[PDB]
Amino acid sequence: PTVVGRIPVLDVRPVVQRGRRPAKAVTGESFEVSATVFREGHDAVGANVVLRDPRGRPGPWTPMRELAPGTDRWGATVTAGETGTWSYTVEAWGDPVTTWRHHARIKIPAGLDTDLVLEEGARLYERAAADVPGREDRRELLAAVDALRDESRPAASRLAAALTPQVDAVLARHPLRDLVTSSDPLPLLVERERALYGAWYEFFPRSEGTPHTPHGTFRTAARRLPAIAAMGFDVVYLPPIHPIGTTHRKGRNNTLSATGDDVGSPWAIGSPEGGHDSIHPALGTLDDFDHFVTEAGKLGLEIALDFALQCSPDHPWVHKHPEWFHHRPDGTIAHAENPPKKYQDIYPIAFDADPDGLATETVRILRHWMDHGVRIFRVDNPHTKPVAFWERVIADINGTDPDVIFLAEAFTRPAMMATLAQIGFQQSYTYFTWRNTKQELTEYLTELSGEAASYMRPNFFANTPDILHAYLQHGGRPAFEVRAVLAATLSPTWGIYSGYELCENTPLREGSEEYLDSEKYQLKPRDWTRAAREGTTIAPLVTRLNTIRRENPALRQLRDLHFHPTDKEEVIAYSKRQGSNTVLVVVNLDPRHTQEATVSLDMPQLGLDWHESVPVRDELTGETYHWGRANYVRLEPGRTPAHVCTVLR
């Protein structure tokens, strides 16, 4: 047996780890399948993609085209349907009709043995006719055959009968394929919509309390949910909801020693009151949690729980499972670190003494929360636990519950970030917060929307409790408006951490990305009613952005994204498209000065001719413009951070 087939079909993409892991999509998402296809000699080839669903059923006829002249790289767009494990192959073939037509169009006017050429054509169309299932399509081809063979008619007339639109239409649907050769199947994992698309909001239930009871409960925190839903969010991410250790508990502002009624960090999980399968006693009971989840569901909100595989020194595991920790020669366990960050309040887990025990307990814990309606987990620092551990855990959970979504909170080097996505994480945190200039944004999004989209789905949090970027610190409210527009329109999944909409931007100290008086170490009551009344919140802009996203399919996908040139460094422009929906975004990255610029649209990339002028509506204002190949914009901080335009129909 040979490695190459009769008609070479090579290097089918997308491909992940040479086929050992699946490429990814979600229901309704389109993407390109491509291959290198050519044959020996000089005759034409054709190619098509065969996408098979989880029951092996092939999709519609999906012909490919050569993507660029002389490259022999062919491609076609496919669209994923129901969730599950699909497969795709590329079929390559000789295209004898295209070949014959090319020669015949030349030879017949030249008078070069025309009877012979026309008979060859007749014999080809006879072959084409035999395969065609449709009775009417068959009679149409056979009529062309008889016209080709009518020696009483002019050569040019015999040939023309073989080239009619009626005949073209038949062959376009049912081409004559020679020597059909197939690639080996590649796997496609199709997952639910929310894996790619959704708006996330992070908040601490304990901060949403009452005058008489400052520490929030699930019942008081449930009253915060309506405002979150009203802002258009789909997912609420909660920090760990478990009992918190007392040994080495951190104080306010990340001080080493807690005093008085300091509440400590939620990530310091575990006490004699319970571990990762238990609820902080001040938050209430599992029944109260069920109420919170029910209320969330009523509002169209899904819960994402933080899963942080680490222990306070008071966690029951410490003495129940000593081999789940690395001990020094004096028996002590070194506290966790993420250099230069130190986490004196927790121990990290060790995995090589009892990997089966840890995996078994991990999926038991996850299934407990799954049984109470949690179908999304935000996984804390997965890159400090073994990659194969997550591959195993995610495979186990999704094996029974393929709807569960895992988000990788891995801010680390690119190889690890990519690998975590490839081995199963549905979503990844990204470098978004550290990409703020036009060049940074353009280069990074070109990366994420390109080949990486075959295995990684970005979740653009504009802030987190650990990341208050200098851009926001220096820029104030207009900078918050800018990053919200960017996050919401560049990724189909974005998020903010509570307080973002209040433009909280006071750092721990100059040069830090930590918040002053961080919510991680103290209750952080916020007077939401007062903020709304006084208009000191960008909640309405957030709400508008999520509405625009919900109304425009272009913003609910990742892979179609194009950057358009402008003549100002501070002004970025880009378009996204999905079917007939086109969104055009122009953002002023300068939060302190008005910028005016000319935006020169790459019109063919919009499916428009260079001279055309198209009506657009700025969905942030309702204003309508007519935009073409060159457009004046004037963007004023605090007033017009950006244009978010839809192309009108």
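Rigid core: the largest C-alpha set superposing within 1.5 Å between the two forms. Don't overthink the numbering: it's just position in the shown sequence, from 1.
When the other structures are laid on the shown form by the core, the C-alphas of 172-180 and 404-412 differ in how far they drift in 6 other deposited structures of this protein; the larger average drift belongs to 172-180. With every structure aligned by its rigid core, 149-157 is the stretch of 149-157 and 360-368 whose CA positions lie farther away in 6 other deposited structures of this protein. For the pair 192-200 and 132-140, the record assigns the higher mean C-alpha temperature factor to 132-140. Between 220-228 and 114-122, it is 114-122 that carries the larger average Cα temperature factor according to the deposited entry. In the PDB entry, the Cα temperature factor peaks, among 323, 345, 168, 234, at 168. Comparing the C-alpha B-factors of 254, 207, 464, 259 in the entry, the top value falls on 259.
When the modelled residues of the chain are ordered by C-alpha B-factor, residue 86 sits in the middle third.
Split the chain's modelled residues into thirds by C-alpha temperature factor. Residue 580 is in the highest one. Per the PDB record, residue ranking by Cα B-factor puts residue 35 in the lowest third of the chain. Ranked within its chain, residue 21 lands in the middle third, by CA B factor from the PDB record. Among all modelled residues in this chain, the alpha-carbon of residue 385 has a temperature factor (C-alpha) in the lowest third.
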